[PDB]
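Contents: one structure, followed by commentary.
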Amino acid sequence: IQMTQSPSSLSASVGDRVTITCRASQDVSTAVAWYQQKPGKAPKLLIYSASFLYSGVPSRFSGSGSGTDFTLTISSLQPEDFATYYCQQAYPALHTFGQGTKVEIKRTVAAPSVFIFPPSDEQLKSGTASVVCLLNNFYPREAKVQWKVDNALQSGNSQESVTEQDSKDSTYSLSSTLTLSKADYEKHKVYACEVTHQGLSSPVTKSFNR
Amino acid sequence: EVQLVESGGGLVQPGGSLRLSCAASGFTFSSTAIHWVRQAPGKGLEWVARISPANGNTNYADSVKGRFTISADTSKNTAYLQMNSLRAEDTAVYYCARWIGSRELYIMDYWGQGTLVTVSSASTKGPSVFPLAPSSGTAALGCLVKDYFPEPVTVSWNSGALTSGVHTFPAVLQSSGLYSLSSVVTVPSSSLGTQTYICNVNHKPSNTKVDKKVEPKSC
Amino acid sequence: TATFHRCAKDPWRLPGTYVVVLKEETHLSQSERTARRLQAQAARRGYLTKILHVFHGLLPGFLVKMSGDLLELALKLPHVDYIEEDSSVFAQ
Amino acid sequence: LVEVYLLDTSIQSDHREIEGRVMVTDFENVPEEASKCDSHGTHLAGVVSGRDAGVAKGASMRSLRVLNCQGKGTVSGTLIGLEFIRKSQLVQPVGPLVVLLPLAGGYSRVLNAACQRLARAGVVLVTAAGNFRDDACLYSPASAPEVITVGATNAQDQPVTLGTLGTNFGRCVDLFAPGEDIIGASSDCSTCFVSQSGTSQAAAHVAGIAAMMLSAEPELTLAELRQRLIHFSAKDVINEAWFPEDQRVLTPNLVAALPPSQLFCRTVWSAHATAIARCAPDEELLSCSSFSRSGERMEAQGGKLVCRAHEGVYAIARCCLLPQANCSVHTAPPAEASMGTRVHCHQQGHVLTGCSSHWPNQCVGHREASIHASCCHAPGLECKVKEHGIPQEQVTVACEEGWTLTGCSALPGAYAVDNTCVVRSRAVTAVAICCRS
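Those sequence lines, one after another, are chains L, H, A and B. Per the deposited numbering, residue 2 is the first one in the first sequence, and the count goes up by one each step. With the deposited numbering applied, the second sequence corresponds to residues 1 to 52, 52A, 53 to 82, 82A to 82C, 83 to 100, 100A to 100D, 101 to 128, 134 to 216, in that order. Per the deposited numbering, residue 61 is the first one in the third sequence, and the count goes up by one each step. With the deposited numbering applied, the fourth sequence corresponds to residues 179 to 211, 220 to 447, 454 to 464, 471 to 493, 498 to 512, 518 to 566, 585 to 616, 619 to 639, 646 to 659, 671 to 681, in that order.
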């Protein structure tokens, strides 16, 4: 049973007419619903039976829906409207949810501040290495980070972590951790971090030596 | 005055069993349908199973078929989820929600707060703080709260004195079955030396407070 | 030997309509004779009669829309086991 | 494979929960009066063959309109309706047949007749007991005996209290099934659901369990399906208080549940001088008892034994499904001796299933009374005797988990409550015969 939401993330500003597409796994009549979940909170019902506006849900909220293709419309977007939106296939037997849509705030499009940090002595003494490659305050959330060791790509050894959209400056940050043994660490010189962003003329690389 | 109180959740080992509770208040219990919707941390919403208390009628998710079982105590106005043969993937926030009472059956008007279910072969471990020194306009420095179980941990800088530029990244689960997070603050390259920076890690389960300073190196 | 039957619950009764049940072995050929006979005998008393349905396969007999004044005449007909006065049934 | 005939209101055939499951037949016979016309029927069809909420989720259905838009029909309508089924059963003969009558009228001689004639053709008839909080025996097809009559129970397995009324009861109610606030297919929309109450809902539930059973074993008899529907029903869940003291004994304390897939017995009460309590055509009478509110014989009738009792008394028959059985009743008249009146199953391999007194393998009654014994032979039939005495009102003796009560009795009225023998008065020794495979 596959229910698809489009887009997976849309960024807009207060007052804009926001729209979210929804494709049901089959002709599901009007057996659709829309839910809004804020980070750390339980989901909240908005629309049901494809066009029915649930009690107390602001009139901004609209629901359209044929049989397969459906659409949530947030007319005149608001600050409290900035949240994650779920589609629901409330059809008998085949019940699913969509992947979710993050209604994002569009800002100014700013470049990150990359910071490479080598592993500490107390950590390398226990036989473990952690290559840190920071990124501070950027837009969009979209960024591709590569780990070049003597001009060579790395697979299945780096884990990333993104901060949840700032309230103040309203920008993102990233903390990629390339972890490997001390034995595989004592056989290389350059540990480059090729960071690619839209607000970058040339893909800025941050390097250090053992 | 309509509420679905969620209880029973916690930590359990793989292959183990767990029972959860959904306390229904402020509405005719038998009359409605109650669903369970779980949600893995970084992931979306997944409906696991439903019940119709008077009929006793149920339906489950193919994902959870044969392992989980819904029961309802109409006398005690509570819905239960018996989660046997637990896997690792079953780690989620479990919500119970009531049916709007009309139209399509899966329309959930009221949702519970959620009960956390963590399932892994791991024992409570404290983290080990490691510094991230500058020089290997503006030059940042931070800590590394590495290898710990379960969750959470609070990372305050100088006992609640520094709120600006503090980007305490979410905890990330490693191939070991332990968490690793990052916490950093942007500082001017001129101030590197004149001012002291110490992160206060607060892992409440192991009852450990590891405080580490960040000073630069040579190479 | 021929008995009249009606619903115990008076507001549920629908008089003027009767199911005429004939004895077990009575076959269709005779049910039609008996209905004609009823219709004919009833015509002589100046009463109008309308045979709604002729039963077979499940029961031997017929459904007749006729005056309640004709029941004396009707039970006296041949093959008649019993006559029940049509009543109301309800959704539960 | 199992077709479930439904005689009700019209149905919203389209409804996505019962789509392609239900077939709408060209039969309509409703007395003179739009979505509300499909309402009751659709919800029941949903209860039976529903995709999400249905009991027998896959089951194929066929609907006949006998009720109008206010759910009002006619005895004639229903009659002609059942006849349509009998006529269709002769044209393209369908597999296992379940006939759902989620309706109630007053007592009908012709309808119970129609129902029996149709049931004898091996058709499983499931009907609502009625929502009048009355003895079901005064309603049709409720009063009918070959029809499985169903009372409705709430969320706490207690009897449904519908407004100022509620579920019907009595010796005509075969068993109880949930019938309060049931979620099923709603005609409000193609994908809508709703909570409805009443004995129809209860009947439809059982109609589903019956359909389920025949999907698994198409060769099951009505008597076989009944016995199993009884055996696997939840026992003593209902607080008998909700019923009149008069109707409590007669009312079965059963709450319908799915039988997973052996000897089965059932208590058969009679109507209040001679009273007769009869077994199904393929059932054997293994015992007979009687009871008075104040203060019995096993005779043959048309090549089949019957429990006969002598204000009034209830003949209490014990009807059992005993494969390949040669049963006989031996009677010894009063001896007037101080030892008592005795009779035994003089033959070998012929066990005593039950005793009957009216005025090892042996019945002992009072000197002045004639004594009847039930002597049966079946492949490997063990029959224990359990006794219980106390120095009163009611003493109880019960068969061990693996033994079926064949015969309840009082040592010189008395009756069998499931696998428990009860004796009633104002040392009191109760005698139960327990039989096995």
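All C-beta atoms, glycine included, are put in the ideal place defined by N, C-alpha and C.
Identified DSSP bridge partners for residue 365 of chain B = In DSSP, residue 365 of chain B forms no bridge with anything.
Please determine if the stretch 68-75 of chain L and the stretch 60-67 of chain H are in contact, where contact requires at least 3 C-beta pairs separated by less than 8 Å.
-> They do not touch, by the three-pair rule.
Using a Cβ-Cβ cut-off of 8 Å, state whether residue 8 of chain L counts as contacting chain H.
-> Put simply, the CB of residue 8 of chain L is far from chain H, with every gap to its CB atoms at 8 Å or more.
Are the CB atoms of residue 250 of chain B and residue 183 of chain B nearer to each other than 8 Å?
-> yes
At which residues does the beta strand (DSSP E) containing residue 614 of chain B begin and terminate?
-> Under the DSSP assignment, residue 614 of chain B falls in the beta strand (DSSP E) whose first and last residues are 608-615.
Endpoints, the alpha helix (DSSP H) within which residue 677 of chain B is located = Where residue 677 of chain B is concerned, there is no enclosing alpha helix (DSSP H), although the beta strand (DSSP E) it sits in stretches over 672-679.
Expected contact under 8 Å - CB spacing of residue 161 of chain H and residue 197 of chain H to nearest Å = Taking 8 Å as the upper bound for CB-CB distance, residue 161 of chain H and residue 197 of chain H are not in contact here, some 16 Å apart.
Take residue 54 of chain H as the anchor and find which of H/73, H/77, H/9 and H/148 has the nearest alpha-carbon.
-> H/73
Does the count of Cβ pairs from the stretch 307-323 of chain B and the stretch 388-396 of chain B closer than 8 Å reach three?
-> yes
Is the distance from the Cβ of residue 65 of chain L to the Cβ of residue 52 of chain L below 8 Å?
-> yes
Of all the CB atoms in chain H, is at least one closer than 8 Å to the CB of residue 55 of chain L?
-> Closer than 8 Å: yes.
Looking at the C-beta of residue 92 of chain L, does it have a partner C-beta in chain B at a distance below 8 Å?
-> yes
Under the rule that 16 or more other beta-carbon atoms within 10 Å means buried, what is residue 472 of chain B, buried or exposed?
-> exposed
Can the beta-carbon of residue 435 of chain B be found less than 8 Å from the beta-carbon of residue 149 of chain A?
-> no
Return the residue from the list A/103, A/85 and A/72 that minimises the CA-CA distance to residue 118 of chain A.
-> That would be A/85, whose Cα lies nearest to the Cα of residue 118 of chain A.
Chain B contacts made by the stretch 53-74 of chain H, where a contact means CB separation under 9 Å | For the stretch 53-74 of chain H, the residues whose beta carbon sits under 9 Å from a beta carbon of chain B are, in order, 53, 54, 55, 56, 58, 71, 73 and 74.
Under 7 Å Cβ-Cβ, which residues of chain B neighbour residue 32 of chain L?
-> 377
What number of angstroms, rounded off, separates the C-alpha of residue 265 of chain B from the C-alpha of residue 504 of chain B?
-> 28 Å
Chain L contacts made by the stretch 194-207 of chain B, where a contact means CB separation under 8 Å | 194 and 195
Residues that residue 21 of chain H contacts on chain B, provided the C-beta gap is smaller than 7 Å = Result: empty, since nearest Cβ-Cβ is about 18 Å, beyond 7 Å.
Taking residue 115 of chain L as the reference, which of H/138, H/123, H/94 and H/113 has the closest Cα?
-> That would be H/138, whose Cα lies nearest to the Cα of residue 115 of chain L.
Which residues of chain B have a Cβ atom closer than 7 Å to the Cβ of residue 33 of chain H, listed in chain order?
-> 369
Chain H within 8 Å of residue 64 of chain L, Cβ atoms only = No, its Cβ sits nowhere closer than 8 Å to a Cβ of chain H.
Measuring CB to CB, does residue 106 of chain L end up less than 8 Å from residue 182 of chain L?
-> no
Same chain, Cβ closer than 6 Å to residue 5 of chain L, neighbours up to 5 away in sequence not counted = 24
For residue 107 of chain A, does the three-state DSSP call read helix, strand or coil?
-> coil
Please compile the residues from chain L whose C-beta is within a distance smaller than 7 Å of the C-beta of residue 181 of chain H.
-> 135
What is the residue span of the alpha helix (DSSP H) that residue 296 of chain B lies within?
-> 295-305
Helix or strand or just coil, what does DSSP make of residue 67 of chain H?
-> strand
Nearest to residue 400 of chain B by alpha carbon, out of B/314, B/386 and B/415?
-> Nearest of B/314, B/386 and B/415 to residue 400 of chain B, Cα basis: B/415.
For residue 297 of chain B, the nearest candidate out of A/78, A/62, A/133 and A/91 (CA to CA) | A/78
Other residues of its chain near residue 84 of chain H: CB distance less than 7 Å, five sequence neighbours each side excluded = 14, 111 and 112
Distance between residue 166 of chain L and residue 248 of chain B (C-alpha atoms, nearest Å) | 58 Å
Thinking C-beta only, is residue 91 of chain A closer than 8 Å to residue 124 of chain A?
-> no
Who are the near neighbours of residue 178 of chain H in its chain, counting only those whose CB is closer than 6 Å to its CB and skipping five residues on each side?
-> 142, 166 and 168
Exposure of residue 189 of chain L, with buried meaning 16 or more beta-carbon neighbours within 10 Å | Answer is exposed; the Cβ neighbour count stays below 16.
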